[PDB]
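Just the one chain here, laid out as structure tokens, in the form deposited in one PDB entry.
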């Protein structure tokens, strides 16, 4: 029942909202996972690893360049906005709202969300392989060598860009090769971030799960913590639940969520 949810919403003084790929999907962002989510020959599993990058950093950058470029035409959907505006409205009332997102497309940022935790990093940050510096970067194209590259056609010719011309660190002494500041398969999360999120989820008195479910990674690292304190948890996603069954609102976050937060 929705009214039942809103009664909590009304009381809640510290809301945490966990967001997953469902919400980026509704803005038309490809996840590259499972059926028909190929990029050329490969899927994300294949390319989003340190080995792939060591082996073929031109190819990996072609991939990530493409992903950066397709964001120029995907906009935040109503879910993104309804969140950001909710954060704003409630902050004015001294009530907090934080986003913990598994998405790396900066859509929440572009919606106007402020207190956001990007646990898998972001397509629009780099990390220097040599000095470890983390810079924002939105340059299209990120470097000239990649201009007009990274086409997704299965049959596209590899650009086979020499490493020295891929994105490099600007600190003159360094010039290290840059990598996307995104968490790849086989890498750990930043524990500083996890420790902050832990703190936020301990504080919270209502938790929302959006475009993913509490049973699955990464919602599952946490909801146990919040739920075991007796805090309500509301999911908004497209999965069913059985006849005989913490609230669930089946359907597109674009539709379900804004009424919920108005």
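Numbering follows the first chain given and starts at 1. By rigid core we mean the largest C-alpha set that fits within 1.5 Å across both forms.
The form deposited in another entry is left out here; the points below concern that form.
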Taking the rigid core as the reference frame, is the Cα of residue 66 displaced by 2 Å or more between the shown form and the other one?
no
Just checking, between the shown form and the other one and with the core aligned, does residue 237 shift 2 Å or more at the CA?
no
Residue 218: CA shift of at least 2 Å between the shown form and the other one after core fit?
yes
Can you confirm the direction of the Cα distance change for residue 210 and residue 32 in that other deposited form, closer or farther than in this form, given it is 3 Å or more?
closer
So the Cα-Cα distance between residue 19 and residue 36 shifts by 3 Å or more in that other deposited form; is it shorter or longer than what we see here?
closer
